[PDB]
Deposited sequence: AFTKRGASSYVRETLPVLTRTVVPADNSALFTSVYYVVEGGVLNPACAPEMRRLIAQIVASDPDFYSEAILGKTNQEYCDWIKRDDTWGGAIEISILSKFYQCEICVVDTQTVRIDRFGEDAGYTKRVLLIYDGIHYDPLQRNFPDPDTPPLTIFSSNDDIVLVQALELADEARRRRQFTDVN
């Protein structure tokens, strides 16, 4: 099997679209983004201690309106939240430094999903063979290596 990237639009919502795509089994749909944004603000608003001005960068209500916009980018804050929500390990591989950031590594979940990051845009990763495979065992460490190879091949291209 080979690890491949699936291209999602760069319409400011790529993170949300990429996440949705891998938790949902290889479903591409950029319409999930408003409700995914609405969930996020919902979670962030419900705990202004944990999501304070320091952690966020803005004030807790200010951030909730911000992320509800259709032109604002998701970042590690949204990943961490989604990780807890979907009860999943979201692994983000960087094309720029060829490294993996495992969101939810400390919780011990039973599955992990892979995203690829190039500094401004997110795309999702999947296995091909038969429908693509997007969710993997959190004990499958071959996908980690498979992604790195993928990310580095990208890195070469740039």
Residues of the deposited chain that carry no C-alpha coordinates are 1-15, 145-148, 178-183
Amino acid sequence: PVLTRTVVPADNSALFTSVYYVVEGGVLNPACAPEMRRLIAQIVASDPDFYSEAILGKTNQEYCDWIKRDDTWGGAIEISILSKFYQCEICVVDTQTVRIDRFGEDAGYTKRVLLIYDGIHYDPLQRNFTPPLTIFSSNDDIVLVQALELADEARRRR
From here on, numbers count along this sequence of modelled residues.
Ranked by mean Cα B-factor in the entry, 36-44 and 90-98, top stretch is 90-98
Of 118-126 and 46-54, the stretch with the higher mean C-alpha B-factor in the deposited entry is 46-54
Of the three thirds of Cα B-factor ranks in this chain, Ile135 occupies the middle
Sorting the chain's modelled residues by C-alpha B-factor and splitting them into thirds places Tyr109 in the highest
Sorting the chain's modelled residues by C-alpha B-factor and splitting them into thirds places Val143 in the highest
